[PDB]
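The structure under discussion appears below in the form of structure tokens.
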Amino acid sequence: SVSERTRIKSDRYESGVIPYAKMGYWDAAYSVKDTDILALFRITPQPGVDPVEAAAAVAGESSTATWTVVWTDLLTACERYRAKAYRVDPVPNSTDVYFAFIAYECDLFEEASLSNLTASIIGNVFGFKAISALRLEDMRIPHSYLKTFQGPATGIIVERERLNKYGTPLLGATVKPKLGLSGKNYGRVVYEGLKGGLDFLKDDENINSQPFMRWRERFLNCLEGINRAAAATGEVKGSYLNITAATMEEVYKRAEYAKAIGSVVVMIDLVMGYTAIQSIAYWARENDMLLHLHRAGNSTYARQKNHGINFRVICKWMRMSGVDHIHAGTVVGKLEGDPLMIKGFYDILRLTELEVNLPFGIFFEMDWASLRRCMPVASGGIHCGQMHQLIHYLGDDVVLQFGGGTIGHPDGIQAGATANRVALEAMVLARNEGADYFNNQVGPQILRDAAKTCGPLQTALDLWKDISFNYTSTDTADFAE
Amino acid sequence: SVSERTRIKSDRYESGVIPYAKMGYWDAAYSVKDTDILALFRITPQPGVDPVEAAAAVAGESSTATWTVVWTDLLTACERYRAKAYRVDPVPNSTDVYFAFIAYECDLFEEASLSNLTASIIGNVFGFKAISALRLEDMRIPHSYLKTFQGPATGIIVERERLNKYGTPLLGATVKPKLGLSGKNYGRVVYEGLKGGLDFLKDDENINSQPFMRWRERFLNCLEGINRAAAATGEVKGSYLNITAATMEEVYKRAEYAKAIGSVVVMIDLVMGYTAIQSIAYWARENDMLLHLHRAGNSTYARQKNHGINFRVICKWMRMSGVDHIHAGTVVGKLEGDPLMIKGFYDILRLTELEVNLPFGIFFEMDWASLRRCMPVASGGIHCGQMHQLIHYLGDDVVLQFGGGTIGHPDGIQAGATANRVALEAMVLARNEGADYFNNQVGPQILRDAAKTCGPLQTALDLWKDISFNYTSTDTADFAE
Amino acid sequence: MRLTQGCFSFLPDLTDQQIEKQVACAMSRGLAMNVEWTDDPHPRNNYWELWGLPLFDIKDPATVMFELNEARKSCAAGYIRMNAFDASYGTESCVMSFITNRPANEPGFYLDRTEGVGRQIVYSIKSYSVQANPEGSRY
Amino acid sequence: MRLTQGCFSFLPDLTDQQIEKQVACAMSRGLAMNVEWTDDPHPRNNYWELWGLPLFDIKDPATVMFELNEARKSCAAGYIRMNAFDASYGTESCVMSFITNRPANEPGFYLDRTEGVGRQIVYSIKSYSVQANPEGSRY
Amino acid sequence: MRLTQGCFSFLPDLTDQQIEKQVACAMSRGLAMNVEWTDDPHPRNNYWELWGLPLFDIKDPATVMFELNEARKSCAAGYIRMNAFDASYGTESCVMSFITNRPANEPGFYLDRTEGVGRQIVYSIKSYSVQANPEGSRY
Ligand SMILES: O=C(O)[C@@](O)(COP(=O)(O)O)[C@H](O)[C@H](O)COP(=O)(O)O
Ligand SMILES: O=C(O)[C@@](O)(COP(=O)(O)O)[C@H](O)[C@H](O)COP(=O)(O)O
Ligand SMILES: [Mg+2]
Ligand SMILES: [Mg+2]
Ligand SMILES: [Mg+2]
């Protein structure tokens with residue numbers, strides 16, 4: 001039989017099952033190339049599974065391997081395309097959880113395609129029986145791959161130039177109640193909030209088009225409110241018009257409508273997915289539109305330390321895709337946010353390069369290849385009494401969003417917006433004068449001082465003075481200082 | 001002050017913070033409507049958080065509430081739009097985890113939009129500090145909402161009619177190595193596998209367009225291999241051409257190319273996201289194309305019992321969106337799959353209606369509103385020696401995919417395909433004759449009997465007879481019998 | 001070559017006893033059987049010729065085998081297949097189809113290739129038996 | 001009305017001592033200061049008039065305050081703003097801009113509405129001061 | 001006619017001695033040899049039938065010649081080609097392919113012309129041997 005005579009008989013390519021660590025996917029001596037994509041996984045092997053074999057299995061099944069040997073490897077430059085796990089460290093203060101570093105050849109990935117990158121890195125390995133939990137913690141995207149991506153359509157710098165706003169954080173608010181308002185009443189809230197002092201308002205993530213309000217009614221009424229507030233104040237104003245929809249055709253229809261009526265900004269939800277997001281990021285650059293990304297659904301995989309994808313990796317993928325804003329946490333609000341993790345997210349979104357900074361969760365040095373800077377958005381259960389903490393943790397280039405913290409003001413929406421803006425400006429001015437504003441005596445006193453001549457701020461500070469959200473975090477650091 | 005005089009002073013709408021369970025989001029006496037969307041969450045409250053308050057917080061922040069009271073509720077029919085948590089039960093064999101049922105008004109949701117449904121149900125609630133873990137376990141999508149969705153472009157019944165294949169599971173295989181092959185060699189593997197007996201082959205999920213193989217080279221060479229195999233056998237043949245790409249424009253270009261050259265089928269990856277998936281599902285129906293969904297990335301949120309989205313909910317959303325195939329597990333292969341959970345997924349994809357079946361994880365009765373049936377795909381680390389288990393667990397309407405289990409055959413790809421097809425047909429024939437084929441004595445003997453006259457099957461059975469993937473599952477039932 | 005339409009064509013030709021057990025299985029599930037004949041083996045030849053009506057109200061598998069053997073006596077050389085139809089909601093379709101008779105020699109097919117645009121090929125699968133002789137005289 | 005361009009316009013008009021502290025902060029960060037004037041308050045009037053060159057090599061905040069007070073003596077009634085420029089890679093842009101002078105009376109703006117297609121309105125923000133008088137005599 | 005696919009088909013049919021020299025050259029460069037058979041000579045018939053697996057680990061040219069002569073004993077009348085594969089990065093492709101066996105009489109092809117739009121012709125190259133007989137009976 002010719003098939004029997006030509007059976008392959010080498011150790012590596014005779015038919016049968018061999019461990020991934022013997023198939024080429026483990027190399028403790030591998031020399032990382034500056035063009036390699038690097039991944040860091042937190043691996044929890046099943047009982048009895050060798051930690052290096054588990055790391056090699058992730059490397060193999062996210063690059064070229066399957067569960068049994070295949071001769072067709074020999075029709076390729078197989079050694080080049082195999083990913084290599086090259087370092088496996090115990091996680092601090094843990095039994096049988098490991099940090100595994102894996103290197104992927106540049107050529108494995110389709111240029112400019114987040115769906116292709118994620119198809120390999122997260123496609124199947126999270127479901128492998130032999131690993132009981134797996135988390136993607138960080139990635140080193142090399143300069144050469146980054147240059148194939150657009151990066152943010154606008155970016156922080158051009159965004160502030162379009163708004164003519166420099167020196168303080170930007171300010172915004174989600175319209176509330178989340179659902180139920182009519183288009184006309186939506187425009188009223190937007191008008192009042194912008195007139196009262198906010199730079200932006202925004203559609204809630206689940207406001208798209210619904211029986212109680214179809215989207216064109218919302219868009220036209222909001223443009224009247226925006227332009228009314230602009231003429232009342234002398235400022236560029238806007239509201240994030242949500243163009244999230246079922247199909248790409250409908251998304252483009254809403255985007256084109258927003259452009260046609262002169263909106264400065266639109267917003268999209270992460271549930272629309274990577275391919276729609278990249279499509280609209282290119283569109284936003286081509287149509288002079290700010291692109292706000294709400295991270296809907298992110299916490300389904302980003303919440304727990306043992307399994308999923310750390311949000312800091314999402315930050316890199318979305319800055320690559322090219323959104324101009326992304327929600328990134330508050331520390332002190334109603335949503336999860338350990339301060340070391342949050343500060344790491346903000347650095348990833350905003351810096352030109354990253355240095356290893358383990359307490360912040362920055363495991364890789366990484367140049368951002370002059371991709372534009374993405375504006376983080378701090379939103380959810382915050383209020384103006386916390387302004388010293390927000391400035392301290394989150395810095396200058398951020399949008400601070402106060403939905404309930406604006407519309408919940410007893411003296412009306414304009415008053416709620418004014419309170420937020422006075423508190424913001426008073427805090428920044430004091431900071432620049434050298435105040436120790438993060439101090440629990442100084443910061444709150446700066447706000448009380450400003451409130452002496454601002455009734456709306458006095459009312460807001462008294463209303464929400466007792467509000468905090470202090471709970472044990474799930475997404476925490478592994479290294480101290 | 002007019003603002004002071006007109007301040008709202010009622011218990012419910014005076015400014016300030018009140019518990020979600022006092023805001024209308026908890027109602028133990030709520031009468032569920034047949035048009036309501038129902039969700040079942042597994043909730044792990046933080047220490048000290050009342051379980052009913054936690055359920056009301058999920059209901060509120062996934063419908064109309066925010067963290068402080070807002071008078072703008074009074075501009076809406078607010079009681080209609082509030083979601084209601086209406087039942088909170090302890091999870092069996094647990095003191096701190098709860099099953100929470102929540103009802104959502106039909107009108108909250110944009111017709112035919114998965115991105116809008118998910119914007120509400122999963123948008124923000126998984127990140128709330130007050131809940132340390134949250135999992136969406138099941139949903140009751142009402143008949144009225146389902147009728148707004150297409151459902152599967154083709155569906156199991158018309159799919160088999162297009163293939164002229166009735167009476168056994170369908171058969172397939174992923175081309176291996178995952179990455180590195182050229183277009184010409186890809187067509188060679190496809191030709192050999194189809195000629196040897198397979199109904200389909202498929203691009204790996206991470207095969208899109210890359211330096212080692214650009215996609216048009218793959219598509220044209222595969223069409224030569226497909227048509228060669230069809231003329232050699234007298235059967236309809238195909239290969240899932242992967243049209244996953246960075247942008248919707250590029251996805252459509254690859255879809256249109258596949259149609260223009262006569263492919264029966266294309267495939268897409270879940271990482272492309274919901275909006276692209278719905279767009280291509282409509283396109284597939286309009287262009288007479290089978291649409292195969294690979295669930296890349298699903299296990300990042302579907303693996304762990306405490307947090308995320310159970311894959312059975314993904315099954316519902318993807319059958320609604322309208323893919324024709326979805327990967328749904330093997331039980332006995334290399335990827336996670338407890339048999340009770342997997343049997344539940346297959347029922348959700350294939351049945352015309354669902355009855356409560358708690359050991360299978362089916363928590364809601366649900367009519368599928370005559371949306372077409374979605375073909376489950378069993379793939380990953382399986383081999384023909386397991387055929388009696390695959391037939392038992394997974395039934396008749398499934399595609400059984402053997403990548404390594406075909407290409408890893410020592411006597412070549414055609415021999416690997418032939419062994420798989422002989423094993424499949426011999427098992428189904430014996431089952432229909434009344435054999436107790438799932439029995440560990442009967443099933444394997446049926447295969448050895450067929451192998452006595454089929455050399456490729458004898459070789460495959462001896463090669464992989466010791467292979468199993470036996471590990472503790474993470475995604476397990478809460479109820480027995 | 002061997003035409004491998006049908007769901008059992010990678011097994012040896014079925015005996016009458018084997019066929020009756022498949023029929024008995026389908027009828028025990030309440031399915032309707034019918035028998036069809038063709039001498040055009042093309043993979044896209046959807047509509048083989050009906051042998052009478054489907055046997056909707058038949059309860060004895062021996063009656064199905066009787067009609068199969070009458071079709072075998074009466075039809076020209078070629079292919080016969082046995083189908084089982086499920087009229088229930090959610091299916092309303094064939095759920096099993098296998099070959100009961102095939103010619104002793106099937107020449108099979110070749111692939112006709114037309115030069116399309118660019119590098120595209122316009123393909124046609126051609127049957128040797130069909131191109132040579134009319135229906136009823138092909139085998 | 002109060003023009004609320006600039007980053008401190010929801011606070012009272014800044015004193016010279018307050019302005020000097022903001023200048024001192026920016027100069028301690030190595031930023032370049034400049035002073036600009038306009039009597040067109042339109043939100044899209046990007047290019048206010050330069051008062052000399054930016055003070056790139058100046059190190060004493062008193063020198064910046066000197067130039068601000070020379071601009072105040074020389075410029076027509078209207079607005080003056082103080083800007084801080086960051087030439088660093090990754091920024092190369094203004095990082096702070098606030099109003100140092102405003103007219104005693106600003107009439108503000110009205111919204112001109114043109115009937116567009118369908119229900120769309122074509123908007124133009126019109127300044128009362130600009131439509132009435134030429135540059136240099138608007139306030 | 002003479003089919004002039006392959007890289008030495010304008011030279012006389014190669015002797016086994018000449019073939020072995022070409023094989024020895026390719027193997028000295030580390031290439032993998034394989035042998036393939038067809039009786040469809042169409043220029044667009046990419047995938048001739050594999051004679052076993054490529055001989056990746058073979059180092060003696062006589063072993064390749066042994067397999068060639070086993071193919072010659074076993075295959076039907078038609079064509080056999082010898083290929084050399086270079087798996088190295090930058091190539092990952094065949095780098096030599098030549099005919100080792102051809103039929104004694106090849107009738108060749110004709111050009112089928114369909115009337116296209118305007119003056120365009122839609123062409124199909126048709127093999128006399130393939131249109132006449134099935135695979136394995138063509139020569
Ligand atoms: O729906 C919400 O709750 C919000 O509108 C906040 O409203 P409030 O301002 O009234 O709290 C935001 O979408 C969340 O902050 C998103 O969270 P994150 O930014 O963490 O993604
Ligand atoms: O890349 C892979 O491993 C596979 O091609 C299987 O190859 P083998 O057939 O060689 O195992 C499939 O994509 C996985 O089965 C997907 O898993 P699931 O079906 O669970 O989503
Ligand atoms: Mg929101
Ligand atoms: Mg795969
Ligand atoms: Mg013709």
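Identifiers in the structure tokens: chain A, B, ... in order shown; residue index from 1 per chain; ligand index from 1 in order shown.
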
Write out as a ChimeraX atom specification all residues of region 163-313 of chain A that DSSP puts in strand (DSSP E or B) for this structure's backbone.
-> /A:170-172,174,200-202,210,213,238-242,265-269,290-294,308-309

Could you write out that same residue set with N, CA and C atoms as an mmCIF file, in the first residue's frame?
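Written file, out.cif:
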data_model
loop_
_atom_site.group_PDB
_atom_site.id
_atom_site.type_symbol
_atom_site.label_atom_id
_atom_site.label_comp_id
_atom_site.auth_asym_id
_atom_site.auth_seq_id
_atom_site.Cartn_x
_atom_site.Cartn_y
_atom_site.Cartn_z
ATOM 1 N N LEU A 170 -13.958 67.773 30.797
ATOM 2 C CA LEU A 170 -15.234 68.014 30.153
ATOM 3 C C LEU A 170 -16.345 67.468 31.032
ATOM 4 N N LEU A 171 -17.556 67.937 30.790
ATOM 5 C CA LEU A 171 -18.660 67.638 31.656
ATOM 6 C C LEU A 171 -19.807 67.115 30.790
ATOM 7 N N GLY A 172 -20.535 66.138 31.328
ATOM 8 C CA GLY A 172 -21.683 65.566 30.630
ATOM 9 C C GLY A 172 -22.719 64.971 31.574
ATOM 10 N N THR A 174 -26.065 61.700 31.425
ATOM 11 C CA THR A 174 -27.030 60.840 30.744
ATOM 12 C C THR A 174 -28.447 61.309 31.053
ATOM 13 N N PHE A 200 -21.934 68.468 27.330
ATOM 14 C CA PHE A 200 -22.639 67.424 26.602
ATOM 15 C C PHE A 200 -23.771 66.892 27.467
ATOM 16 N N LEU A 201 -24.783 66.339 26.814
ATOM 17 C CA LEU A 201 -25.580 65.302 27.457
ATOM 18 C C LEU A 201 -25.442 64.065 26.593
ATOM 19 N N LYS A 202 -26.165 63.009 26.943
ATOM 20 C CA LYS A 202 -26.120 61.799 26.138
ATOM 21 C C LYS A 202 -27.371 60.949 26.293
ATOM 22 N N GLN A 210 -37.672 53.320 19.677
ATOM 23 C CA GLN A 210 -38.614 52.508 20.434
ATOM 24 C C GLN A 210 -40.013 53.089 20.280
ATOM 25 N N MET A 213 -40.491 56.587 21.599
ATOM 26 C CA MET A 213 -39.686 57.630 20.967
ATOM 27 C C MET A 213 -38.897 57.035 19.809
ATOM 28 N N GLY A 238 -23.112 69.976 22.620
ATOM 29 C CA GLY A 238 -23.506 68.793 21.875
ATOM 30 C C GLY A 238 -24.240 67.820 22.770
ATOM 31 N N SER A 239 -24.741 66.751 22.152
ATOM 32 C CA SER A 239 -25.294 65.629 22.901
ATOM 33 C C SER A 239 -24.977 64.351 22.136
ATOM 34 N N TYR A 240 -24.556 63.306 22.852
ATOM 35 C CA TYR A 240 -24.179 62.070 22.163
ATOM 36 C C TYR A 240 -25.447 61.414 21.633
ATOM 37 N N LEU A 241 -25.685 61.535 20.331
ATOM 38 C CA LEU A 241 -26.828 60.881 19.702
ATOM 39 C C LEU A 241 -26.489 59.413 19.468
ATOM 40 N N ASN A 242 -27.286 58.519 20.051
ATOM 41 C CA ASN A 242 -27.012 57.089 19.997
ATOM 42 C C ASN A 242 -27.451 56.538 18.647
ATOM 43 N N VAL A 265 -21.247 65.075 17.599
ATOM 44 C CA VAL A 265 -20.896 63.797 18.211
ATOM 45 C C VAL A 265 -22.025 62.793 18.004
ATOM 46 N N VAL A 266 -21.649 61.510 17.903
ATOM 47 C CA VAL A 266 -22.559 60.378 18.012
ATOM 48 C C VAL A 266 -21.993 59.392 19.027
ATOM 49 N N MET A 267 -22.848 58.470 19.472
ATOM 50 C CA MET A 267 -22.421 57.425 20.391
ATOM 51 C C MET A 267 -22.861 56.054 19.887
ATOM 52 N N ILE A 268 -22.077 55.034 20.259
ATOM 53 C CA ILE A 268 -22.323 53.645 19.906
ATOM 54 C C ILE A 268 -22.130 52.791 21.155
ATOM 55 N N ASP A 269 -22.779 51.624 21.160
ATOM 56 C CA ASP A 269 -22.694 50.650 22.246
ATOM 57 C C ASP A 269 -21.764 49.510 21.851
ATOM 58 N N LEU A 290 -17.231 63.253 16.262
ATOM 59 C CA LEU A 290 -16.734 62.616 17.478
ATOM 60 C C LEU A 290 -17.488 61.313 17.718
ATOM 61 N N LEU A 291 -16.769 60.285 18.169
ATOM 62 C CA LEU A 291 -17.352 58.952 18.308
ATOM 63 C C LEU A 291 -17.234 58.480 19.753
ATOM 64 N N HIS A 292 -18.359 58.446 20.467
ATOM 65 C CA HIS A 292 -18.378 58.073 21.877
ATOM 66 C C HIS A 292 -18.726 56.595 22.021
ATOM 67 N N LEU A 293 -17.884 55.826 22.721
ATOM 68 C CA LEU A 293 -18.152 54.402 22.920
ATOM 69 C C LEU A 293 -18.633 54.141 24.347
ATOM 70 N N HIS A 294 -19.866 53.661 24.464
ATOM 71 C CA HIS A 294 -20.380 53.130 25.718
ATOM 72 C C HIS A 294 -20.024 51.648 25.767
ATOM 73 N N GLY A 308 -11.875 35.621 32.092
ATOM 74 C CA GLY A 308 -12.454 36.590 31.178
ATOM 75 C C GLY A 308 -11.381 37.413 30.476
ATOM 76 N N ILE A 309 -11.674 38.700 30.280
ATOM 77 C CA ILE A 309 -10.740 39.644 29.676
ATOM 78 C C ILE A 309 -10.681 40.866 30.574
#

Could I get the residue neighbourhood of ligand 2 at 7 Å, counting only C-alpha atoms and all ligand atoms, as a list in words?
->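 The residues near ligand 2 are residues 61, 66, 67, 124 and 127 of chain A; 173, 174, 176, 178, 204, 205, 294, 295, 296, 327, 328, 329, 335, 377, 378, 379, 380, 381, 382, 401, 402, 403, 404 and 405 of chain B.
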
Keeping only C-alpha atoms, take the residues you just selected and write them out as a compact mmCIF listing (two decimals), in the first residue's frame.
# COMPACT_ATOMS: atom_id res chain seq x y z
CA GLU A 61 -4.75 26.26 20.18
CA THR A 66 -4.94 20.98 17.18
CA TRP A 67 -5.33 18.02 19.54
CA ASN A 124 -11.45 28.89 21.63
CA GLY A 127 -13.45 26.79 26.73
CA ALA B 173 -13.80 19.13 9.40
CA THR B 174 -11.69 22.23 10.10
CA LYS B 176 -5.38 22.18 9.87
CA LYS B 178 -4.95 26.47 11.96
CA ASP B 204 -10.49 27.81 10.93
CA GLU B 205 -12.01 30.69 12.86
CA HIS B 294 -18.39 30.02 14.92
CA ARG B 295 -18.74 31.18 18.52
CA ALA B 296 -15.23 32.67 18.91
CA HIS B 327 -21.21 25.56 17.49
CA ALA B 328 -22.86 24.12 20.57
CA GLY B 329 -20.51 21.53 22.13
CA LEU B 335 -13.95 21.77 25.07
CA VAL B 377 -22.40 21.96 15.35
CA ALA B 378 -20.38 19.53 17.47
CA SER B 379 -16.69 20.28 17.06
CA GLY B 380 -13.36 19.99 18.83
CA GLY B 381 -11.22 17.03 19.85
CA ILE B 382 -13.67 14.31 18.79
CA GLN B 401 -16.86 18.12 12.75
CA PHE B 402 -13.57 16.18 12.85
CA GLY B 403 -10.56 18.40 12.10
CA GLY B 404 -7.59 16.67 13.67
CA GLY B 405 -9.75 13.53 13.59

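Comparing B:94, B:113, B:357, B:185 by their smallest distance to chain A, the closest is B:113 (using only C-alpha atoms).
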
Give me the chain A side of the contact with ligand 4, cut-off 12 Å, one line per residue showing its nearest atom pair and distance in Å at one decimal, counting only C-alpha atoms and all ligand atoms, sorted by chain and residue number, as CSV.
residue,atom,partner,partner_atom_place_in_ligand_line,distance
A:60,CA,ligand 4,1 (Mg),11.8
A:61,CA,ligand 4,1 (Mg),8.5
A:62,CA,ligand 4,1 (Mg),9.1
A:63,CA,ligand 4,1 (Mg),10.1
A:64,CA,ligand 4,1 (Mg),9.7
A:65,CA,ligand 4,1 (Mg),9.8
A:66,CA,ligand 4,1 (Mg),8.6
A:67,CA,ligand 4,1 (Mg),11.3
A:119,CA,ligand 4,1 (Mg),9.2
A:120,CA,ligand 4,1 (Mg),9.2
A:122,CA,ligand 4,1 (Mg),11.6
A:123,CA,ligand 4,1 (Mg),8.1
A:124,CA,ligand 4,1 (Mg),7.3
A:125,CA,ligand 4,1 (Mg),10.3

Restricting the output to N, CA, C and O atoms, write the selected residues as a PDB file, in the first residue's frame.
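Final file, part_8.pdb:
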ATOM      1  N   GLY A  60      -0.754  26.812  21.646  1.00  0.00           N
ATOM      2  CA  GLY A  60      -0.980  25.992  20.463  1.00  0.00           C
ATOM      3  C   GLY A  60      -2.349  26.224  19.857  1.00  0.00           C
ATOM      4  O   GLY A  60      -2.480  26.458  18.650  1.00  0.00           O
ATOM      5  N   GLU A  61      -3.386  26.182  20.688  1.00  0.00           N
ATOM      6  CA  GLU A  61      -4.749  26.260  20.178  1.00  0.00           C
ATOM      7  C   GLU A  61      -5.195  27.687  19.887  1.00  0.00           C
ATOM      8  O   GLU A  61      -6.307  27.876  19.387  1.00  0.00           O
ATOM      9  N   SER A  62      -4.348  28.684  20.148  1.00  0.00           N
ATOM     10  CA  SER A  62      -4.581  30.042  19.677  1.00  0.00           C
ATOM     11  C   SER A  62      -3.663  30.415  18.519  1.00  0.00           C
ATOM     12  O   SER A  62      -3.623  31.588  18.121  1.00  0.00           O
ATOM     13  N   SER A  63      -2.926  29.448  17.959  1.00  0.00           N
ATOM     14  CA  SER A  63      -2.070  29.747  16.817  1.00  0.00           C
ATOM     15  C   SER A  63      -2.248  28.705  15.718  1.00  0.00           C
ATOM     16  O   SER A  63      -3.030  28.934  14.789  1.00  0.00           O
ATOM     17  N   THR A  64      -1.560  27.552  15.805  1.00  0.00           N
ATOM     18  CA  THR A  64      -1.579  26.584  14.705  1.00  0.00           C
ATOM     19  C   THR A  64      -1.943  25.153  15.090  1.00  0.00           C
ATOM     20  O   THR A  64      -2.135  24.335  14.184  1.00  0.00           O
ATOM     21  N   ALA A  65      -2.047  24.819  16.373  1.00  0.00           N
ATOM     22  CA  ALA A  65      -2.138  23.423  16.785  1.00  0.00           C
ATOM     23  C   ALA A  65      -3.574  22.928  16.791  1.00  0.00           C
ATOM     24  O   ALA A  65      -4.520  23.706  16.904  1.00  0.00           O
ATOM     25  N   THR A  66      -3.727  21.606  16.676  1.00  0.00           N
ATOM     26  CA  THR A  66      -4.944  20.983  17.180  1.00  0.00           C
ATOM     27  C   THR A  66      -4.550  19.824  18.091  1.00  0.00           C
ATOM     28  O   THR A  66      -3.387  19.741  18.509  1.00  0.00           O
ATOM     29  N   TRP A  67      -5.507  18.957  18.438  1.00  0.00           N
ATOM     30  CA  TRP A  67      -5.333  18.017  19.542  1.00  0.00           C
ATOM     31  C   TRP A  67      -4.532  16.778  19.171  1.00  0.00           C
ATOM     32  O   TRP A  67      -4.149  16.024  20.075  1.00  0.00           O
ATOM     33  N   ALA A 119     -10.109  36.644  17.074  1.00  0.00           N
ATOM     34  CA  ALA A 119     -10.407  35.272  16.664  1.00  0.00           C
ATOM     35  C   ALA A 119      -9.315  34.309  17.117  1.00  0.00           C
ATOM     36  O   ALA A 119      -9.601  33.171  17.512  1.00  0.00           O
ATOM     37  N   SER A 120      -8.057  34.745  17.074  1.00  0.00           N
ATOM     38  CA  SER A 120      -6.975  33.899  17.572  1.00  0.00           C
ATOM     39  C   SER A 120      -6.861  33.958  19.090  1.00  0.00           C
ATOM     40  O   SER A 120      -6.860  32.920  19.762  1.00  0.00           O
ATOM     41  N   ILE A 122      -8.684  35.043  21.694  1.00  0.00           N
ATOM     42  CA  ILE A 122      -9.749  34.645  22.607  1.00  0.00           C
ATOM     43  C   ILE A 122     -10.702  33.628  22.002  1.00  0.00           C
ATOM     44  O   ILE A 122     -11.679  33.266  22.653  1.00  0.00           O
ATOM     45  N   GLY A 123     -10.460  33.162  20.776  1.00  0.00           N
ATOM     46  CA  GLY A 123     -11.466  32.382  20.070  1.00  0.00           C
ATOM     47  C   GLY A 123     -11.972  31.119  20.750  1.00  0.00           C
ATOM     48  O   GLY A 123     -13.179  30.984  20.992  1.00  0.00           O
ATOM     49  N   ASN A 124     -11.068  30.185  21.062  1.00  0.00           N
ATOM     50  CA  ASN A 124     -11.448  28.889  21.628  1.00  0.00           C
ATOM     51  C   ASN A 124     -10.820  28.574  22.979  1.00  0.00           C
ATOM     52  O   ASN A 124     -11.373  27.746  23.712  1.00  0.00           O
ATOM     53  N   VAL A 125      -9.678  29.178  23.320  1.00  0.00           N
ATOM     54  CA  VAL A 125      -8.897  28.675  24.451  1.00  0.00           C
ATOM     55  C   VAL A 125      -9.615  28.839  25.789  1.00  0.00           C
ATOM     56  O   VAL A 125      -9.281  28.134  26.748  1.00  0.00           O
TER      57      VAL A 125
END

Within 12 Å of residue 246 (chain B) using only C-alpha atoms, minus same-chain residues under 2 positions, as an MDAnalysis selection string | (chainID A and resid 109:119 148:150 273:282 320:321) or (chainID B and resid 208:209 243:244 248:254 268:269 271:273 276)

Got a sec: who's within 10 Å of residue 83 (chain D), counting only C-alpha atoms, leaving out chain neighbours fewer than 4 positions off, as JSON, numbers by chain?
-> {"A": [166, 167], "D": [6, 23, 26, 31, 32, 33, 34, 35, 36, 54, 94, 95, 96, 97, 98, 99]}

Could you pull the residues within 10 Å of residue 457 (chain A), counting only C-alpha atoms, minus those fewer than 6 positions along the same chain, as a PyMOL selection string?
-> chain A and resi 384-385+409+415-423+447-448+450-451+463

Residue set, region 11-93 of chain E restricted to helix (DSSP H, G or I), as number ranges by chain = E: 16-28, 61-74

Do you know which residues are at most 7 Å from region 108-123 of chain E counting only C-alpha atoms, after dropping those on the same chain fewer than 4 positions away, and could you put them as a CSV table (one decimal) with N, CA and C atoms, in the first residue's frame?
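Contents of the output file result_36.csv:
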chain,number,residue,atom,x,y,z
C,114,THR,N,-15.7,26.5,-17.8
C,114,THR,CA,-15.8,27.6,-18.7
C,114,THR,C,-15.0,28.8,-18.1
C,115,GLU,N,-14.2,29.4,-19.0
C,115,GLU,CA,-13.4,30.6,-18.6
C,115,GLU,C,-14.3,31.7,-18.2
E,1,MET,N,-1.5,15.4,-30.1
E,1,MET,CA,-0.7,16.5,-29.6
E,1,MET,C,0.1,16.1,-28.3
E,127,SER,N,-11.5,18.9,-23.2
E,127,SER,CA,-10.7,17.7,-23.5
E,127,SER,C,-11.5,16.6,-24.2
E,128,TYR,N,-10.9,16.1,-25.4
E,128,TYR,CA,-11.6,15.0,-26.1
E,128,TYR,C,-11.6,13.8,-25.2

Tell me which protein, DNA and RNA residues are within 9 Å of residue 75 (chain E), counting only C-alpha atoms, leaving out same-chain ones fewer than 5 positions away, and put them as a list in words.
-> residues 37, 38, 70, 80 and 136 of chain E

Return the neighbours of chain C among the residues of chain B, cut-off 7 Å, counting only C-alpha atoms, as a ChimeraX atom specification.
-> /B:157,165-168,220,228,231-236,352,421-422,425,432-433
